[PDB]
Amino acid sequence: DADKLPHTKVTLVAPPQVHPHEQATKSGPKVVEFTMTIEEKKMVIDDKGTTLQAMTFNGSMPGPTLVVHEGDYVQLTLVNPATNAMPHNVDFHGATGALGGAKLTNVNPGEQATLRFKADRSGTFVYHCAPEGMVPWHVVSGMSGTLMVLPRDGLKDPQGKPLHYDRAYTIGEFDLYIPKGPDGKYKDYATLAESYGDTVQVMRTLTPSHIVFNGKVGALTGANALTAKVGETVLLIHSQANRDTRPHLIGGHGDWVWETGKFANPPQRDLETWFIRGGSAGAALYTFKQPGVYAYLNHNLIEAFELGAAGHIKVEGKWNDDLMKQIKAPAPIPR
């Protein structure tokens, strides 16, 4: 019984970070309490000033990653401030019943609700808003994130041997559908409601105008590049609530990958590129062996480079000439 268990309260952190947590734990099941606040806002999504009338959990795309252990109970308070225009809710793919909790969390501006569910299956799971009659619009405008349910004894390889990560990052990939006017320029809308009709028309073409990691072209680059060191194992959580993607780490691999994102299944090893089904979250481990700047991208390279689905990982440490060596630098072809 959940009402017998101790409660803990978790403070969420903004992507691409994930809140502190244990992997393998000696602790027993708890009710883990979270709160998130919905924020509708206009966001700038590229280098040319294009805007999105966005909708977010906690002010970010994706929403923050919530981490519990299998057998824990997730207790979320969902707050929809009066400053918002739309009703919202939440559907946890990690949850059982009531359309993932959406039926029990319908909150108008000025309202909040509290949902509890048993996190009885291990894995990374999408959560998203799903208000009746406007589900795809709320999802594509930014309302999704990941629930990670770790097995109580941590991650395991196909032989049941232990696996771990030293650092975790969370990447949400967002296919955006920004309308254009007769002049061919992207439209800028005074309000969220006004963007609706034009946006549905673009959606129906199934062609995104932009595909971005974490809310903007280049969000995970420059000062905002992800970071690691040679010898460190990184977990890369990748969520795509609406559309397929194919993550790839340039100069790296997926050492151990759950592409369908469910930890009770054995992971695959040595992947060059993996596949995240639209409407799911997956997870890859990589241990860095070479220093330098990596790209982490959707390996539809048009989607990555033209449309925005690419980030960077800056890695410190010592170059290994055994793994790779420039034998002859670029030089004139011998006569």
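Each residue number is its position in the shown sequence, starting from 1.
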query	finding
Average Cα temperature factor in the PDB entry - higher stretch of 25 to 33, 292 to 300	25 to 33
Residue stretch of maximal mean CA temperature factor, 55 to 63 vs 266 to 274	55 to 63
Given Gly218, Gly123, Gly252, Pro109, the residue at which the Cα B factor reaches its maximum	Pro109
Out of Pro81, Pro136, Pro247, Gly261, residue topping the C-alpha B-factor column of the entry	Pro81
Chain-relative CA temperature factor third for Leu99	middle
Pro179, C-alpha B-factor rank within chain (lowest, middle or highest third)	lowest
Chain thirds of CA B-factor: placement of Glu132	highest
Third of chain Cα B-factors occupied by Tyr73	highest
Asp166 by Cα B-factor - lowest, middle or highest third of the modelled chain	middle
